[PDB]
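The chain contents come next:
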Amino acid sequence: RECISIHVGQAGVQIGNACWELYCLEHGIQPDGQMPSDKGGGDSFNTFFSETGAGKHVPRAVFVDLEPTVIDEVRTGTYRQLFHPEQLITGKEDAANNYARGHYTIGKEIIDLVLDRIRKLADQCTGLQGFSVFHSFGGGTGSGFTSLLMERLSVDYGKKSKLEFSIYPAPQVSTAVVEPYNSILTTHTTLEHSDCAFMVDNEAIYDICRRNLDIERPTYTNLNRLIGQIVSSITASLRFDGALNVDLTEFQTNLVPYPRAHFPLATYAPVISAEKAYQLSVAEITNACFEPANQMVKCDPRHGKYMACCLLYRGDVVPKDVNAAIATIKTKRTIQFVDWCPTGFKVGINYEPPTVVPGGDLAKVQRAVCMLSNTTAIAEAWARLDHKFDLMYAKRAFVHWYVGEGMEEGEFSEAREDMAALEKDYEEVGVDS
Amino acid sequence: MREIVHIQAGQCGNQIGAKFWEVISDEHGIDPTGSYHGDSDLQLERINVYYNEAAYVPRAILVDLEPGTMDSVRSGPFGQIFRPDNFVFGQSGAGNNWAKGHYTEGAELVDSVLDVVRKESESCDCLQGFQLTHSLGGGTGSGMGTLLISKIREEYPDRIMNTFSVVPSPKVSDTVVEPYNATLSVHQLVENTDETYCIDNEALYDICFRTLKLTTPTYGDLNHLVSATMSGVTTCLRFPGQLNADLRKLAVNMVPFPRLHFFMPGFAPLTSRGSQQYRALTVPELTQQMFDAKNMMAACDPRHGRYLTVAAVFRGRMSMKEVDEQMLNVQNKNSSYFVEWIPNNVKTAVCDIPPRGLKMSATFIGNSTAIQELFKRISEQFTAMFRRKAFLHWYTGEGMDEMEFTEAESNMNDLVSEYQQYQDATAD
Amino acid sequence: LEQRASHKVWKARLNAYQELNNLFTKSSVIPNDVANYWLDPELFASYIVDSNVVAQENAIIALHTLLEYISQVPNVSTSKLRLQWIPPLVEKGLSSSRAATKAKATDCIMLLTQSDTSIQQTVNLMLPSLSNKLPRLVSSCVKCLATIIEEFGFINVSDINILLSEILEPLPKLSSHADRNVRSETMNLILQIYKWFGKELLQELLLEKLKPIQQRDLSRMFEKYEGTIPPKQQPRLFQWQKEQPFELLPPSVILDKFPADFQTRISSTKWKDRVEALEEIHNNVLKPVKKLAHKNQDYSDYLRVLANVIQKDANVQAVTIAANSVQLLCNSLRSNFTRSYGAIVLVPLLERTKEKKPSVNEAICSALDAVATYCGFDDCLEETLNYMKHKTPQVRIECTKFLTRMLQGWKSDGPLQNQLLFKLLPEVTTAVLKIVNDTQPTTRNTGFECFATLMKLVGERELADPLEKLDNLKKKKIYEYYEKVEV
Ligand SMILES: Nc1nc2c(ncn2[C@@H]2O[C@H](COP(=O)(O)OP(=O)(O)OP(=O)(O)O)[C@@H](O)[C@H]2O)c(=O)[nH]1
Ligand SMILES: Nc1nc2c(ncn2[C@@H]2O[C@H](COP(=O)(O)OP(=O)(O)O)[C@@H](O)[C@H]2O)c(=O)[nH]1
Ligand SMILES: [Mg+2]
Ligand SMILES: [Mg+2]
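Residues numbered from 1 in each chain as written, not as in the entry; some residues may be left out. Chains lettered and ligands numbered in written order. Part of a larger assembly, values for the part shown. Heavy atoms only, no water. Residues with missing side-chain atoms left out of burial classes, pairs and counts.

(A) Summary view of the UniProt feature "binding site: Mg(2+)" in chain B. Residues and elements named next belong to chain B. In this numbering, the UniProt entry assigns the feature "binding site: Mg(2+)" to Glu 66. Mapped onto the elements of the fold, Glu 66 is located in the loop between β4 (60-64) and α3 (68-74). Note on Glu 66: relative accessible area 42%, which makes it partly exposed. Contact partners of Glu 66, with chain neighbours within four places excluded, come to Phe 89, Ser 92 and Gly 93. (UniProt positions renumbered as here; feature names shortened; annotations may be inferred. Helix = DSSP H or I, 4+ residues; strand = E, 2+ residues; numbered from the N terminus. Buried < 20%, exposed > 50% of the residue type's maximum accessible area, 1.4 Å probe, protein only. Contact = heavy atoms within 4.5 Å.)

(B) Spatial organisation of the interface of chain C and chain B. Tallying the contact residues gives 11 residues for chain C and 11 residues for chain B. Taken over both partners, the interface formed by chain C and chain B buries close to 1000 Å², and the fraction arising from carbon and sulfur atoms is 49%. Its largest share of buried area at the contact with chain B, chain C owes to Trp 271, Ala 314 and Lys 357 of chain C, together 41% of the area lost on that side. Counting the contacts that link chain C with chain B gives one salt bridge. (Buried area = accessible area lost by both parts, 1.4 Å probe. Salt bridge = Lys/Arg side-chain N within 4 Å of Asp/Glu carboxyl O.)

(C) Seen up close, the site of ligand 2. Residue and element names in this part refer to chain B. Lining the immediate surroundings of ligand 2 are 17 residues, of which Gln 11, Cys 12, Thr 140, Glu 178 and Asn 223 lie closest. Relative to its unbound accessible surface of 570 Å², ligand 2 loses 95% to contact with the protein. Listing elements by their share of the shell around ligand 2, those giving two or more residues are α1 (10-27), α6 (140-155) and α9 (219-233). Per-element accounting of the shell around ligand 2 gives the leading share, four residues, to α1. Partitioned by chemical class, the residues of the shell around ligand 2 number four nonpolar, 12 polar and one charged. (Near = heavy atom within 4 Å. Areas by Shrake-Rupley, 256 points an atom, 1.4 Å probe, with all protein chains shown as cover. Nonpolar A, V, L, I, M, F, W, Y, C, P; charged D, E, K, R; others polar.)

(D) Quick peek at the pattern of salt bridges. Following the criterion strictly, the structure yields 68 salt bridges over all chains and no others. Between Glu 404 of chain B and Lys 357 of chain C there is a salt bridge, with its nearest N and O atoms 3.2 Å apart. Separated into two different chains, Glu 404 of chain B in helix α16 (residues 402-424) and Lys 357 of chain C in the loop between α17 (340-351) and α18 (358-372) make up a pair that spans both. In this structure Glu 404 of chain B comes out as buried when scored by relative accessible area, which is 12%. Relative accessible area serves as the criterion here: at 25%, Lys 357 of chain C is assigned to the partly exposed category.

(E) Local environment of the interface of chain A and chain B. Counting residues at the interface gives 26 residues for chain A and 33 residues for chain B. Taken together, the two surfaces of chain A and chain B that pack against each other cover about 2600 Å², and 59% of this comes from carbon and sulfur. The largest per-residue losses of area from chain A upon contact with chain B belong to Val 177, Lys 395 and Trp 401 of chain A, which jointly make up 23% of the total buried on that side. The interface formed by chain A and chain B holds three salt bridges in total. Of the charged contacts, one joins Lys 92 of chain A and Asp 125 of chain B as a salt bridge, the two residues approaching to 3.5 Å between their closest N and O atoms. At the junction of chain A and chain B, the tally comes to nine residue pairs in polar contact. At the level of elements, α12 (379-393) and α13 (399-403) of chain A are the ones that each hand at least two residues to the side of chain A that touches chain B. (Polar contact = N/O pair within 3.5 Å; in protein donor to acceptor, adjacent residues only side chain to side chain.)

(F) Up close: the site of ligand 1. The full set close to ligand 1 counts 24 residues, and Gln 14, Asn 97, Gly 140, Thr 141 and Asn 224 of chain A are the nearest of them. With respect to ligand 1, its neighbouring residues span chains A and B. In the model, a nitrogen atom of ligand 1 is placed 3.0 Å from a nitrogen or oxygen of the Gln 10 of chain A side chain. Backbone polar atom of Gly 140 of chain A to an oxygen atom of ligand 1: 2.9 Å apart, as the coordinates give it. The protein chains hide 98% of the 640 Å² of surface that ligand 1 would expose on its own. When residues of the shell around ligand 1 are traced back to their parent elements, those giving at least two are α1 (9-27), α5 (140-156) and α8 (220-239) of chain A. Counted by class, the shell around ligand 1 contains eight nonpolar, 12 polar and four charged residues.

(G) Focus on the nonpolar core. Judged by nonpolar contacts, the single largest core of 159 residues is most densely connected at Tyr 181 and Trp 382 of chain A. Apart from residues no more than four positions distant in its own chain, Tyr 181 of chain A is found in contact with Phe 389, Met 392, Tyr 393, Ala 397, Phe 398, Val 399, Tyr 402 and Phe 412 of chain A. Counting 90 residues, the second-largest nonpolar core is a separate cluster that includes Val 177 of chain B together with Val 275, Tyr 299 and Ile 321 of chain C. (Core = buried A, V, L, I, M, F, W, Y, C linked by side-chain atoms within 4.5 Å.)

(H) Quick peek at the side chain of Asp 200 of chain B. Here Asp 200 of chain B lies in strand β8 (residues 195-200). Discounting residues that sit within four places of it in the chain, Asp 200 of chain B has contacts with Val 167, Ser 169, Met 297, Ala 298, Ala 299, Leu 374 and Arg 377 of chain B.

(I) Representation of the side chain of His 6 of chain B in the model. Structurally, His 6 of chain B is set in strand β1 (residues 3-9). With near-sequence residues (within four places) excluded, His 6 of chain B lies in contact with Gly 17, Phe 20, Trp 21, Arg 59, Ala 60, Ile 61, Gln 131 and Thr 133 of chain B.

(J) The UniProt feature "binding site: GTP" in chain B, seen in detail. Residues and elements named next belong to chain B. When the UniProt feature table is mapped onto this chain, "binding site: GTP" is found at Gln 11, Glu 66, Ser 135, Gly 139, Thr 140, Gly 141, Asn 201 and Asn 223. As for its position among the elements, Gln 11 is in helix α1. Dropping the residues within four chain positions of it, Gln 11 is found in contact with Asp 64 and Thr 69. Mapped onto the elements of the fold, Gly 139 is located in the loop between β6 (127-135) and α6. Since its relative accessible area comes to 4%, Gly 139 is described here as buried. Ignoring sequence-local partners within four residues, the contact set of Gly 139 consists of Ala 94, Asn 96, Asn 97, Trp 98, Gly 101 and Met 144.

(K) Structural context of the packing of aromatic side chains. Scanning the model with the defined rule gives 66 aromatic pairs over all chains in all. By the ring-pair criterion, three or more aromatic residues cluster together here, those being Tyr 17, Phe 24, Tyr 37, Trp 38, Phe 44, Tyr 47, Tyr 69 and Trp 85 of chain C. Positioned over the ring face of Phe 251 of chain A is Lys 346 of chain A, at 5.9 Å from the centre of the ring. Positioned over the ring face of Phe 87 of chain B is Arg 74 of chain B, at 4.9 Å from the centre of the ring. (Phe/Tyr/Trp six-rings, centres within 6.5 Å; stacked < 30°, edge-to-face > 60°. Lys NZ or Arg CZ within 6 Å of the ring centre and 35° of its normal.)

(L) Local environment of the sheet that holds strand β12 (residues 361-368) of chain B. Residues and elements named next belong to chain B. As summarised here, the arrangement of the 10 strands in space is β5-β4-β1-β6-β7-β8-β9-β12-β10-β11, forming an open sheet in which the pairing is mixed. Among the strands making up the open sheet, the edge pair consists of β5 (87-89) and β11 (346-351). Averaged over all pairs of adjacent strands, the angle between their axes in this sheet comes to 20 degrees, without regard to strand direction. With six bridges connecting them, strand β7 (residues 160-167) and β8 associate as parallel partners. If you follow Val 166 over to β8, its bridge partner there is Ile 199. Each of β6, β7, β8, β9 (262-268), β10 (307-315) and β12 touches α9; the most contacted strand, β12, lies at about 80 degrees to it. (Pairing = 2+ DSSP bridges. Axes fitted to C-alpha atoms, helices over the stretch in contact; angles between N-to-C directions.)

(M) Layout of the domain arrangement of chain B. Residues and elements named next belong to chain B. When its domains are assigned, chain B resolves into domain 1 (1-256), domain 2 (257-370) and domain 3 (371-428). Taken over C-alpha atoms, the centre of domain 1 sits 24 Å from the centre of domain 3. Contact with domain 1, which involves 27 residues of that partner, is made by 24 residues of domain 3. For the pairing of domain 1 and domain 3, the buried interface totals around 2200 Å² over both sides, and the portion due to carbon and sulfur atoms is 68%. Across the contact surface, domain 1 and domain 3 share two salt bridges. Here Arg 377 and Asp 200 are joined by a salt bridge, their closest N and O atoms 2.7 Å apart. For the interface between domain 1 and domain 3, the tally reads 11 residue pairs in polar contact. Of all the secondary-structure elements, those providing two or more residues to the side of domain 1 that touches domain 3 are α4 (98-104), α7 (178-192) and β8. For the side of domain 1 that touches domain 3, the leading source of residues is α7, giving 10 residues. (Domains from an automatic or database assignment.)

(N) Quick peek at a nonpolar patch on the surface. Residue and element names in this part refer to chain C. Among the surface-exposed residues, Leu 416, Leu 421 and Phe 422 lie close enough to one another that they form a single nonpolar patch of about 320 Å² accessible area. By secondary structure assignment, the location of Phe 422 is in helix α21 (residues 419-422). Owing to a relative accessible area of 53%, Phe 422 belongs among the exposed residues under this scheme. (Patch = residues over 30% accessible without salt bridge, like charges linked within 9 Å, V, L, I, M, F, W, Y side chains within 5 Å.)

Set out below in structure tokens:
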């Protein structure tokens, strides 16, 4: 049942704000944690909220940062009463975009305190399902401390699953040069601890906001609200009940053919700005899932082979309209499956409309769909990181910072060897027999 | 990573340090009495970095062996705001001798400074780093400064050490032992400081003479460019920004190799003292004047080297989108002067608040391999005197062995060779 | 994790069973008190009945290697084991449907039987199992029963007639069982009884009560047996069966040469006075000698004024020339720094290792080496470890290097149990690990050597325990120095 969300670093914390704000809007929860009386009523959403005896609904979330600045805004803004202050953990000295600081030097000072506050939430749960980790790839805390927390969760909560929403870096909003270093280092130490990893290329969200919302330079709020829409569609299976609302844990069984190939590609549609008049059918929003301009990780699935394809519909969506659209796309596009896969599409439907932030930049839509596809083309993202990594590491540039914070230089080599094998593993999977 | 402890040492250190505190106290709306008389709240958002709470007092320590500049600062306009106990001034001078400040009479006073350093550090919620202003060609700021750095290094090995070191030149001061002091001081900064802004006086002079068209530049004419440059390179630290917020994040983005932490600062537009330059330059202008040699505070031609890392800081209300187009343009149009094997090495930040007197300004911070020209220049003057062992009895009479000069000369030439080494490395 | 052998989650239980299987194969044979699984046999009697068939299989293979481990004198406590263990082995090991889980349970029953003195105190426990509902259980443990007779046989059993009649009682019922396998395995058990006795006996007692088609089969089975009427030898034995100098120089006196203008000058606000006062007695009094007076000379008054300027004088020049005098003293005064002389300068030298100028670090270290060659580990060992845990990174790398120096020239007096061994892991290896896991690279590089210099003295397997807590990377940098380091 229950799910504990963990938000590490600025990216994880600031995205959790846009997510839990959207969660409250969808479930009708107010910033003070109060809801109207049921007047039963189908009240599924307790997998993400607990109940105080006084009728207060508190998120099962932990916000962690090595710097108080970001989380201080949380315990000051509109949702200061939503979370218990025990769930908002901060340090004083951050990691300075250094994985080794967040994982070895600074992060080890606060790792025991964080696991304690998590055990508090875990002991307030009658049946824990897993963890949802929200972090960046470039920041020192989002890369270093997250991979440290993932190592510790596998030791304590070994049975429970762990899903991560990672923020793939992009130069358009990049705040650090060594972000490729941190990305490779955290992807390596977390690869054997994560069950499913939804990467979010900031360049994709940046361009989708510029193209479909007509925003010149999107702010972090623009990116986060668009991301929160996708995260909501993924978690809606856990937070709502529905006759055709397939659980997310049932999609993972199809999305992950091998433990290392657990990086699905999410594609959300439609994304429309609130400026003119518009209503898209099921076939049009399903067609948009196969346009790479709508993906959240820049890559071309036509240059790769599929292993899974899952359609997470939400809104006014009828099953026969889905199968009609799928049959058209399957015989009018080029979806290459590997020759060892069943080639079938897994469909879930949630008849609640997609909620947007009021007065936001996203328009309320009748229906929407989030496609989760496990394609080999996502290995193009690893190649773009491995290349920027190779350019600097061949000169050992910026390495002294990491080695000066408890990390042995050979850990760079190990992490790159793993990424090299990960690229081979994606190459080998796409071959026929 | 919050509070920054500032230190000024020697004659030039206390000069440009007091002028720097005048500038930022005004930008933060602080009058000499220490009270806040500003309007915006962004001025008080990150005032905790450089100032303390009163009843606002600068977190600055003033050091000099000669008590002359002690009174010249207290008699200044903002001399009443500094803490009285933070003045640590000795009895005798340094005679423009690096060895007197580093080994002899500065070591006899350095323990008094560390007591004030410790005091300001205990009242810090989380000490971010240190900041030093000094002159490499002098005696106290050069000698005692590098000793203070190495002393702070051994007592605060987890804090960033940042310096604003000015470079001697014959066009300003006529003391001949300045190449000795600068060579001995550079030999320390390369192994002790995490980042160092090179402030060439030969560049400052050439700017006041050939650009501002001043026939006889004074130290006030030179220190005006210094205070402006110091205010720009510290903008991201005291105003709520996203990129290069604290000292370490800046050093992590600017220093790819530990010894190559010598920055070539630039600033635009080049204003005069109390002149009239109203029309705020356009964004394409601010970018063109930023990447030229005529606005560099260091006598080096960026055409002669490659930019390892770059940090640009624009101030004033402007089109952030128009900034990206220009900063992208100068990169892909001069791609040969930017290192390929460091992707996205240029980073641009924006701050709404301009410096008092202008509407649009732009500060440049570059880690260019052309900075080797500056060390080549000093190393040439050093050897010319050292081959004749002129004035060596100054330093040997204070304890220094002659071998120390050979080592400092060798390590500087190693630093020059390394800056040339990565200037030739390719991607292939 | 020894108590997780009964943890709720199966995977933790499965891990402990594997950890146990390693202990019983990798432990002592004389045995640890931690191997107290004899005197509480309900522990493994509970593991064999593991509710998880996978971890249950690992609890049995661990019980098997334990059961052969205990084949070491003096464990006559095997009587308590059979009572507590073979009923769980029969009821849920032989009954198990897993061919591997059952194969090892039969192997444990064999070991527990040869731990006994005869087969009777093992037959009586699995005889009730012959009347169980589940035929697969009675199919399996009549085959086991038949194989404990084929190999062990009826020897040294108290009353064989009470045991023969007890095992011949269910045989007519077993040979009419509904299950095809129960019948088939009973016909094999009859052959084993036939092999130890004759044919006359079990025709008098048994064969007449079987189906004629069955006793024809046994006749065919008796013909195919070629061995003698009773086997002339047991195929398997019980445990009790398998048992039964140019330093003759004239000492010069230098405490007289100290001029009156010294204690005043060495305590002056002018650095020149302190530098020149130390330098004159160094160049004119200590330099032109080689053998100082060991008797009737108290240099402790002079040594403490050196430590005062070494520790506290800001003039780094005087610190150099003063530490050199310390080196010259303990050099020219062999076997002099018993306690007071050695300790009056040790900790000021360690504190002053903070100085980074190579000439100064050279002077302070060489004096630290010279005081160590005549006071090996009097205060040094205990005091050096204190300054490896000092807040300054420079004094950490230098004091760590200094231990390596003393550790290299460590010859001791012997034979064993020196001050280094009893502090090896309680304090010394702990202080070295702090350097090995320091945040700075050059600091860790010192500890890597210091650790490798330690493995050079004491056998590398003795320190394999703290080696496994280390990163595989830090293990290669430590093995790196181990090739270069000697003595
Ligand atoms: N979409 C989105 N990305 C963000 C946000 N904040 C930071 N990022 C990305 O995160 C990367 C840097 O990681 P951060 O999360 O900012 O750093 P951190 O986790 O706080 O770790 P340290 O600051 O080094 O202690 C950059 O590439 C940003 O693009 C955000 O609010 N939304
Ligand atoms: N830009 C600038 N340089 C200065 C100033 N005062 C001194 N210098 C330079 O510093 C060098 C002398 O060092 P000085 O500070 O006077 O000696 P100190 O007191 O021992 O640090 C000379 O080469 C001068 O060019 C000043 O006010 N501005
Ligand atoms: Mg942060
Ligand atoms: Mg001067």
